[PDB]
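What follows is work38.cif (mmCIF, C-alpha atoms and all ligand atoms).
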```
data_entry
loop_
_atom_site.label_atom_id
_atom_site.label_comp_id
_atom_site.auth_asym_id
_atom_site.auth_seq_id
_atom_site.Cartn_x
_atom_site.Cartn_y
_atom_site.Cartn_z
CA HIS A 1 0.00 0.00 0.00
CA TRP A 2 1.18 3.60 -0.65
CA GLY A 3 3.07 5.57 1.97
CA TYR A 4 6.22 7.64 2.51
CA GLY A 5 8.92 4.93 2.79
CA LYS A 6 11.79 4.07 0.34
CA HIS A 7 9.64 1.31 -1.12
CA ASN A 8 6.13 2.89 -1.30
CA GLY A 9 6.81 6.67 -1.30
CA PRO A 10 5.95 9.48 -3.74
CA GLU A 11 8.21 8.21 -6.59
CA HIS A 12 6.17 4.94 -6.61
CA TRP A 13 2.62 6.39 -6.48
CA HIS A 14 2.23 6.71 -10.27
CA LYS A 15 2.14 2.93 -10.66
CA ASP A 16 -1.25 2.66 -8.86
CA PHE A 17 -2.35 6.31 -9.41
CA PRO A 18 -1.25 7.36 -12.94
CA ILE A 19 -2.74 10.89 -12.40
CA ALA A 20 0.42 11.37 -10.26
CA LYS A 21 2.06 12.54 -13.57
CA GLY A 22 -0.97 14.76 -14.52
CA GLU A 23 -1.38 18.37 -15.56
CA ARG A 24 -2.46 19.95 -12.24
CA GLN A 25 -0.63 18.05 -9.45
CA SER A 26 0.18 19.44 -6.01
CA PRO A 27 2.13 20.61 -4.14
CA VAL A 28 4.23 23.13 -6.13
CA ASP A 29 7.01 25.60 -5.50
CA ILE A 30 5.62 29.14 -5.18
CA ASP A 31 8.04 31.42 -7.03
CA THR A 32 7.17 34.72 -5.33
CA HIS A 33 8.63 36.89 -8.14
CA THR A 34 6.61 34.96 -10.90
CA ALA A 35 3.22 34.95 -8.97
CA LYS A 36 1.08 37.81 -10.26
CA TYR A 37 -1.01 40.08 -8.08
CA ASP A 38 -4.67 39.68 -9.19
CA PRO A 39 -6.46 42.85 -7.95
CA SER A 40 -9.81 41.12 -8.82
CA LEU A 41 -9.26 38.42 -6.04
CA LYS A 42 -11.48 39.01 -2.95
CA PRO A 43 -10.44 38.81 0.70
CA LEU A 44 -10.84 35.30 2.01
CA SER A 45 -13.91 34.83 4.27
CA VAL A 46 -13.06 32.28 7.00
CA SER A 47 -16.27 31.72 9.09
CA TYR A 48 -15.31 29.21 11.82
CA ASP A 49 -17.31 30.67 14.80
CA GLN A 50 -19.79 27.68 14.77
CA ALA A 51 -17.25 24.92 13.98
CA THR A 52 -18.07 21.56 15.63
CA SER A 53 -15.00 19.34 15.99
CA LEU A 54 -15.82 15.69 16.73
CA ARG A 55 -12.88 13.33 16.70
CA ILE A 56 -9.14 12.97 16.00
CA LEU A 57 -7.92 9.96 13.99
CA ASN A 58 -4.46 8.52 13.22
CA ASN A 59 -5.06 7.20 9.65
CA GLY A 60 -1.51 5.79 9.18
CA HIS A 61 -0.45 8.78 6.98
CA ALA A 62 -1.22 11.76 9.28
CA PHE A 63 -3.83 12.62 11.90
CA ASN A 64 -7.17 14.18 10.97
CA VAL A 65 -9.22 16.48 13.22
CA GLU A 66 -12.77 15.86 11.90
CA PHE A 67 -15.70 18.27 11.92
CA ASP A 68 -19.48 18.01 11.66
CA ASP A 69 -20.02 19.00 7.98
CA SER A 70 -23.76 17.99 7.92
CA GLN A 71 -24.64 21.78 8.01
CA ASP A 72 -23.01 25.17 7.09
CA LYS A 73 -21.17 25.54 10.47
CA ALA A 74 -17.54 26.25 9.46
CA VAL A 75 -17.19 27.56 5.88
CA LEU A 76 -14.67 29.16 3.56
CA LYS A 77 -15.92 31.65 0.94
CA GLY A 78 -14.59 34.54 -1.14
CA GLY A 79 -11.02 34.80 -2.40
CA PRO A 80 -10.84 32.82 -5.71
CA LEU A 81 -13.89 30.68 -4.75
CA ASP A 82 -17.43 30.67 -6.16
CA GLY A 83 -19.95 29.52 -3.55
CA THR A 84 -19.58 27.96 -0.14
CA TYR A 85 -17.02 25.35 0.97
CA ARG A 86 -17.62 23.45 4.21
CA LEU A 87 -14.78 22.46 6.57
CA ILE A 88 -14.58 18.64 6.90
CA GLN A 89 -11.14 18.07 8.52
CA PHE A 90 -7.65 19.45 9.06
CA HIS A 91 -4.34 17.64 9.15
CA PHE A 92 -0.61 18.39 8.93
CA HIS A 93 2.45 17.23 7.03
CA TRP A 94 5.82 17.46 8.84
CA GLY A 95 9.48 16.52 8.77
CA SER A 96 12.02 14.51 10.70
CA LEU A 97 14.05 17.79 11.10
CA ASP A 98 12.98 21.46 11.26
CA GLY A 99 14.46 22.14 7.74
CA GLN A 100 11.83 20.04 5.94
CA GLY A 101 8.22 18.96 6.26
CA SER A 102 6.11 21.34 4.18
CA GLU A 103 4.60 20.26 0.88
CA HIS A 104 4.45 23.66 -0.78
CA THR A 105 7.71 25.59 -0.87
CA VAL A 106 8.29 29.35 -1.23
CA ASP A 107 11.23 30.24 -3.49
CA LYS A 108 12.37 26.61 -2.79
CA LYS A 109 12.25 27.24 1.05
CA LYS A 110 10.83 24.26 2.99
CA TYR A 111 9.00 24.95 6.27
CA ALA A 112 8.98 22.56 9.26
CA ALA A 113 5.36 21.59 8.62
CA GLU A 114 2.17 22.52 6.75
CA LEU A 115 -1.44 22.64 7.99
CA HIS A 116 -4.21 21.73 5.50
CA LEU A 117 -7.80 22.80 6.31
CA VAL A 118 -9.90 20.79 3.88
CA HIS A 119 -13.26 22.12 2.59
CA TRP A 120 -15.75 20.81 0.03
CA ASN A 121 -18.08 22.72 -2.35
CA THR A 122 -21.66 22.42 -1.00
CA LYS A 123 -23.09 22.50 -4.58
CA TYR A 124 -21.90 18.82 -4.89
CA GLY A 125 -23.74 17.63 -1.75
CA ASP A 126 -21.04 15.37 -0.19
CA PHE A 127 -17.24 15.14 -0.07
CA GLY A 128 -17.13 11.95 -2.21
CA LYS A 129 -18.99 13.73 -5.06
CA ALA A 130 -16.96 16.91 -4.66
CA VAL A 131 -13.58 15.13 -5.21
CA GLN A 132 -14.82 14.07 -8.69
CA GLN A 133 -15.14 17.78 -9.74
CA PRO A 134 -12.43 20.27 -10.82
CA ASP A 135 -13.75 22.84 -8.32
CA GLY A 136 -14.82 20.31 -5.64
CA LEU A 137 -12.39 21.17 -2.82
CA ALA A 138 -10.71 24.22 -1.33
CA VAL A 139 -7.66 23.51 0.85
CA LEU A 140 -6.32 26.32 3.04
CA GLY A 141 -2.58 25.71 3.50
CA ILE A 142 -0.64 27.36 6.37
CA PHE A 143 3.10 27.00 6.89
CA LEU A 144 4.57 26.20 10.32
CA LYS A 145 8.00 27.46 11.43
CA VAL A 146 9.73 26.53 14.70
CA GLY A 147 10.02 29.37 17.24
CA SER A 148 7.46 30.46 19.85
CA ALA A 149 4.71 28.02 20.81
CA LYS A 150 1.26 28.25 19.19
CA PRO A 151 -1.13 28.23 22.19
CA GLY A 152 -4.12 27.18 20.05
CA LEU A 153 -2.22 24.05 18.86
CA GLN A 154 -1.52 22.66 22.37
CA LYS A 155 -4.90 20.86 22.78
CA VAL A 156 -4.00 18.90 19.59
CA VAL A 157 -0.43 18.14 20.82
CA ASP A 158 -1.68 16.89 24.20
CA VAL A 159 -4.12 14.29 22.69
CA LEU A 160 -1.51 12.68 20.33
CA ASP A 161 -0.32 10.19 23.00
CA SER A 162 -3.88 8.69 22.86
CA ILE A 163 -3.73 8.11 19.02
CA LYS A 164 -0.12 6.99 18.69
CA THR A 165 -0.77 4.21 16.17
CA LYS A 166 -2.70 3.68 12.90
CA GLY A 167 -6.46 3.24 13.37
CA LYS A 168 -6.64 4.86 16.83
CA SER A 169 -9.15 7.66 17.37
CA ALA A 170 -10.20 9.83 20.31
CA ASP A 171 -13.11 12.16 21.07
CA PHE A 172 -12.02 15.73 20.20
CA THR A 173 -14.92 18.11 20.78
CA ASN A 174 -14.95 21.91 21.21
CA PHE A 175 -11.65 22.55 19.37
CA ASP A 176 -11.57 26.03 17.76
CA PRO A 177 -9.59 26.00 14.50
CA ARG A 178 -9.40 29.84 14.53
CA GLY A 179 -6.54 29.30 17.06
CA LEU A 180 -4.38 27.88 14.18
CA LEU A 181 -4.59 30.94 11.84
CA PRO A 182 -1.93 33.64 11.41
CA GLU A 183 -2.85 37.35 11.72
CA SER A 184 -2.85 38.04 7.93
CA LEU A 185 -5.05 36.20 5.38
CA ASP A 186 -2.85 37.32 2.39
CA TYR A 187 -2.55 34.26 0.09
CA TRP A 188 -1.40 32.65 -3.16
CA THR A 189 -3.86 30.51 -5.14
CA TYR A 190 -3.62 27.97 -7.99
CA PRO A 191 -5.57 24.95 -9.29
CA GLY A 192 -4.14 21.65 -8.11
CA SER A 193 -4.74 18.24 -6.56
CA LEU A 194 -4.87 16.15 -3.42
CA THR A 195 -1.24 15.67 -2.32
CA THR A 196 -1.81 11.97 -1.37
CA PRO A 197 -3.36 9.16 -3.34
CA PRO A 198 -5.79 9.20 -5.01
CA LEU A 199 -4.16 12.50 -6.18
CA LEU A 200 -7.47 13.73 -7.66
CA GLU A 201 -7.32 17.04 -9.55
CA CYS A 202 -10.19 18.66 -7.60
CA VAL A 203 -8.53 21.33 -5.38
CA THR A 204 -8.41 25.11 -5.40
CA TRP A 205 -5.30 25.68 -3.29
CA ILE A 206 -5.20 28.78 -1.07
CA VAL A 207 -1.74 29.08 0.61
CA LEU A 208 -1.33 31.79 3.26
CA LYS A 209 1.83 33.90 2.99
CA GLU A 210 2.27 34.33 6.78
CA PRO A 211 3.50 31.19 8.61
CA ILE A 212 2.41 30.34 12.15
CA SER A 213 5.07 29.74 14.82
CA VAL A 214 5.07 26.52 16.83
CA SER A 215 7.58 25.44 19.48
CA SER A 216 10.25 22.76 19.05
CA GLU A 217 8.45 20.80 21.83
CA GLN A 218 5.15 20.94 19.86
CA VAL A 219 6.63 19.53 16.65
CA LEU A 220 8.70 16.97 18.65
CA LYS A 221 5.32 15.58 19.83
CA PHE A 222 4.12 15.23 16.20
CA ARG A 223 7.26 13.17 15.52
CA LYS A 224 6.39 10.67 18.31
CA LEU A 225 3.36 9.45 16.31
CA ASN A 226 3.59 6.11 14.47
CA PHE A 227 2.74 5.07 10.90
CA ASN A 228 2.33 1.46 12.18
CA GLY A 229 -0.57 -0.14 14.00
CA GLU A 230 -0.43 -1.18 17.67
CA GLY A 231 1.81 -4.21 18.32
CA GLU A 232 3.80 -3.66 15.06
CA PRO A 233 7.47 -2.57 14.95
CA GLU A 234 7.67 1.18 15.51
CA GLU A 235 7.99 3.40 12.39
CA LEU A 236 7.91 7.07 13.43
CA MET A 237 5.38 9.25 11.57
CA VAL A 238 7.81 11.76 10.07
CA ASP A 239 8.42 13.05 6.52
CA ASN A 240 4.78 12.52 5.46
CA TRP A 241 5.13 15.16 2.71
CA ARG A 242 5.05 14.92 -1.10
CA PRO A 243 7.73 17.06 -2.81
CA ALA A 244 6.97 19.88 -5.27
CA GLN A 245 5.50 18.81 -8.63
CA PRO A 246 5.83 20.47 -12.06
CA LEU A 247 3.76 23.69 -12.43
CA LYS A 248 3.04 22.89 -16.16
CA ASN A 249 0.43 25.20 -17.69
CA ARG A 250 -0.55 27.01 -14.46
CA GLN A 251 -0.32 30.53 -13.05
CA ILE A 252 -0.07 31.18 -9.29
CA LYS A 253 -2.00 34.34 -8.36
CA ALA A 254 -1.29 36.55 -5.30
CA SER A 255 -3.98 38.38 -3.33
CA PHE A 256 -1.43 41.05 -2.28
CA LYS A 257 1.14 43.43 -3.88
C1 LIG P 1 -13.44 7.48 -0.28
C2 LIG P 1 -13.86 8.95 -0.11
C3 LIG P 1 -13.56 9.84 -1.32
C4 LIG P 1 -12.29 9.61 -2.15
SE1 LIG P 1 -10.78 10.72 -1.60
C5 LIG P 1 -9.75 9.31 -0.68
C6 LIG P 1 -9.23 9.84 0.70
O1 LIG P 1 -10.35 10.31 1.47
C7 LIG P 1 -8.13 10.97 0.63
SE2 LIG P 1 -8.90 12.53 1.49
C8 LIG P 1 -7.56 13.88 1.24
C9 LIG P 1 -7.89 15.18 1.62
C10 LIG P 1 -6.96 16.20 1.55
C11 LIG P 1 -5.68 15.93 1.09
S1 LIG P 1 -4.51 17.22 0.98
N1 LIG P 1 -3.15 16.71 1.60
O2 LIG P 1 -5.04 18.30 1.76
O3 LIG P 1 -4.35 17.48 -0.43
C12 LIG P 1 -5.33 14.64 0.73
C13 LIG P 1 -6.27 13.61 0.79
ZN ZN P 2 -2.55 17.54 3.28
#
```

Represent the structure from my file as structure tokens, please.
Amino acid sequence: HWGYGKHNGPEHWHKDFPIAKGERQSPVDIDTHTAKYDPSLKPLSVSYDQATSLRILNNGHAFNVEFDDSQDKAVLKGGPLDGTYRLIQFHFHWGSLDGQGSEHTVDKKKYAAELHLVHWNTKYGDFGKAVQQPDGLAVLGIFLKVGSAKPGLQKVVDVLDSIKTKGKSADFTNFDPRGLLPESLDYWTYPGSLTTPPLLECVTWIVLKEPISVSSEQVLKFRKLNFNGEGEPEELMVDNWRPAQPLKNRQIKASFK
């Protein structure tokens, strides 16, 4: 099965998922000098005041914080988007060392980690339908750098001991994802894909320019997670990131000058 090892990692994925070599794959390097300011892009609208978190799951590739998406409770609108996109889950990608871990890069700079807040277009009715559509998903990407602690991340860090291994889940109610945002909502945007199999070309990527700061102790706790199931030999959950893919016939747009 696919993963991030020597034998099943990103360079192998094309054999089961040929769209891996497609025309709008993610992530990409954001060349900040080549991205064009698009004065017609709107401010992002992030409306998370009524978000209902439910559960946290170790899926063997990352951990997902899942939300109630059965109503318009936590939505993303505006920016490059037409219509309303409902928050379904967030997860991270991170490194074994602070100098790697992000999926997107900025002028080839790798951050320690990257947060993905995943949303689906409500005109398609459910997430499974939305991933079959070129405008089905909107993923809000936020870089993490190591420095000062992020206080709004700590409730996530403290539960990870309870979901160490693949298939473990824990109740995770009343978590406020607004605590993970930076101050500025300035962003880059481009059409892309899921960054894991099945690599479907269904994502409007919205990547915030301002990173959030997390502490070394916070990311060290991410790196204590396991890819393996309980009672299997330990394989630390680190370097769960896909490298940058060819931009091909795409333009990255900036919301800011
Ligand atoms: C069977 C249900 C529908 C088929 Se999609 C299969 C599975 O649910 C992957 Se969900 C996924 C979401 C976000 C990302 S990312 N890193 O943000 O681009 C990656 C994957
Ligand atoms: Zn992701």

Kindly provide, as lines of an AutoDock Vina configuration file, the centre and edge lengths (Å, one decimal) of an axis-aligned box around all atoms of ligand LIG 1 (chain P) given in the file, with 4 Å on each side.
```
center_x = -8.5
center_y = 12.9
center_z = -0.2
size_x = 18.7
size_y = 18.8
size_z = 11.9
```

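Here atom CA of residue A:177 stands at a distance of 17.6 Å from atom CA of residue A:219.
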
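Close contacts of residue A:255, defined as residues with an atom at most 10 Å away when counting all atoms listed in the file, with chain neighbours fewer than 5 positions off set aside, comprise residues 35, 36, 37, 38, 39, 40, 41, 42, 43, 44, 79, 80, 185, 186, 187, 188, 189, 206, 208 and 209 of chain A.
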
Please report as a tab-separated table every residue of chain A lying within 9 Å of ligand LIG 1 (chain P), along with the nearest atom pair and their distance in Å (one decimal), using only C-alpha atoms and all ligand atoms.
```
residue	atom	partner	partner_atom	distance
A:26	CA	P:LIG1	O3	7.4
A:27	CA	P:LIG1	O3	8.1
A:89	CA	P:LIG1	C9	8.2
A:90	CA	P:LIG1	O2	7.8
A:91	CA	P:LIG1	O2	7.5
A:92	CA	P:LIG1	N1	7.9
A:93	CA	P:LIG1	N1	7.8
A:103	CA	P:LIG1	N1	8.6
A:115	CA	P:LIG1	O2	8.4
A:116	CA	P:LIG1	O2	5.1
A:117	CA	P:LIG1	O2	7.0
A:118	CA	P:LIG1	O2	5.9
A:119	CA	P:LIG1	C10	8.7
A:127	CA	P:LIG1	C3	6.6
A:128	CA	P:LIG1	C3	4.2
A:129	CA	P:LIG1	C3	7.7
A:130	CA	P:LIG1	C3	8.5
A:131	CA	P:LIG1	SE1	6.3
A:132	CA	P:LIG1	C4	8.3
A:137	CA	P:LIG1	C10	8.6
A:138	CA	P:LIG1	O2	8.8
A:139	CA	P:LIG1	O2	5.9
A:140	CA	P:LIG1	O2	8.2
A:141	CA	P:LIG1	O2	8.0
A:192	CA	P:LIG1	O3	8.7
A:193	CA	P:LIG1	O3	6.2
A:194	CA	P:LIG1	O3	3.3
A:195	CA	P:LIG1	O3	4.1
A:196	CA	P:LIG1	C12	4.9
A:197	CA	P:LIG1	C7	6.5
A:198	CA	P:LIG1	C5	5.9
A:199	CA	P:LIG1	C12	7.3
A:200	CA	P:LIG1	SE1	7.5
A:203	CA	P:LIG1	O3	7.5
A:205	CA	P:LIG1	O3	8.7
A:241	CA	P:LIG1	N1	8.5
A:242	CA	P:LIG1	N1	8.8
```

_Spatial neighbours of residue A:234, 10 Å, all atoms listed in the file, chain gap at least 5 places, as a list in words_ =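 Within the cut-off, the hits are residues 165, 224, 225, 226, 227, 228 and 229 of chain A.
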
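Remark: for residue A:13, the closest of the candidate residues A:110, A:83, A:142, A:1 is A:1 (distances computed over only C-alpha atoms).
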
*Interatomic distance, atom CA of residue A:250 to atom CA of residue A:135 (Å, one decimal)*: 15.1 Å

*Between atom CA of residue A:99 and atom CA of residue A:176, measure the distance and give it in Å to one decimal.*
28.2 Å

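Comparing A:211, A:60, A:167, A:125 by their smallest distance to residue A:148, the closest is A:211 (using only C-alpha atoms).
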